[PDB]
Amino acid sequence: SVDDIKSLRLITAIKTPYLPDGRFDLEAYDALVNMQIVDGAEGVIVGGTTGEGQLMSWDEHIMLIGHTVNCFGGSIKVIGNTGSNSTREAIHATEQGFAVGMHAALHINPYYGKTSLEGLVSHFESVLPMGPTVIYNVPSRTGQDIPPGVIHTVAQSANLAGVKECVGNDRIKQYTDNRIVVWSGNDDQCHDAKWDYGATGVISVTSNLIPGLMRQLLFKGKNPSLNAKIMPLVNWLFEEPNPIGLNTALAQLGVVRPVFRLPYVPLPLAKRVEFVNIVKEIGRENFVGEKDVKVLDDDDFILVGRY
């Protein structure tokens, strides 16, 4: 059960698509999950950073984790992002998530409302007993680097599957040398993480677009060449904060509606044209969907604040 998570090499942090009024577009979401499955993704993160979980009510969130489990749980591992900057919120979400059948939880350290190292331990130890758990470190978002010390302290739990690491390949290695399963959370770094730094795989953004190529990158030996060729795409996705790019790109491919929940807004026209070129360089047949890529007009995009 923890071992079943520990073996996953490709996890997609799935985007969450919306209807024109802001509510979840379940029909679109299901088609994305399907496409991920068809191309070899072994797990999904539901409502991750990429999934705009930060923009969900707990409501929506648990419902989505549950829908995903009920429709797709036999085919793919479901990792609910039930983390919080608040311990109470995390305990309660995690327990509801596991109750609706999720396979694991993703847990970030408390963002914004930063705690002490002792506090991190208390926080993690309060949810770790609930099930298989992946700890999320991303200091550029949270304002706090989880030190390896904390990680080893909590790794005394049998329920810890591993870390989602964003600090770099060098940290990934501090961990993988010391009996700790790591997935890279940086797409631009993940090839080398896997083949040179001991990472088990990726929890990927880029997977939402090119799941087959992402799997290729991780399953079949070193391939710096394939790595180099997807890199222009990766750079585009991260120019602005994720998931601004992915949301824009999924709309251009026609697999989601051009609807954004604020505070996210689409990439400008110049970027979108650029996307079309990036797509043709790589080959459209490698991206999700069947439809011809569009540039889209600014007026196509809907921004929702009240939903």
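Numbering starts at 1 and follows the sequence shown.
Visitor: Higher average CA B factor in the deposited record is what I'm after, so tell me if that's 66 to 74 or 275 to 283.
Guide: Of 275 to 283 and 66 to 74, the stretch with the higher C-alpha B-factor average is 275 to 283.
Visitor: Per the entry, where is the mean C-alpha temperature factor higher: 144 to 152 or 128 to 136?
Guide: Averaged over C-alpha atoms, the B-factors run higher in 144 to 152.
Visitor: What's the residue among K114, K222, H92, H123 with the greatest CA temperature factor in the PDB record?
Guide: That would be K222.
Visitor: Choose from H103, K229, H107, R88 the residue with the greatest Cα B-factor as stated in the PDB record.
Guide: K229 has the highest C-alpha B-factor of those listed.
Visitor: Grab the CA temperature factor for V234 from the record and place it in the lowest, middle or highest third of its chain.
Guide: For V234, whose C-alpha B-factor we compare with every modelled residue in the chain, the answer is the middle third.
Visitor: When the deposited Cα B-factors of this chain's modelled residues are ordered and cut into thirds, is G168 in the lowest, the middle or the highest one?
Guide: According to the entry, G168 has a C-alpha B-factor in the chain's highest third.
Visitor: Would you mind ranking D59 by its C-alpha B-factor against the rest of the chain and naming the third, lowest, middle or highest?
Guide: It falls in the middle third of the chain.
Visitor: Ranking every modelled residue in this chain by its Cα temperature factor as given in the entry, which third contains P20?
Guide: Middle third - that is where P20 ends up once the chain's C-alpha B-factors are sorted.
Visitor: Using the temperature factors of the C-alpha atoms in this entry, rank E42 within its chain: lowest, middle or highest third.
Guide: Its C-alpha B-factor belongs to the middle third of this chain's values.
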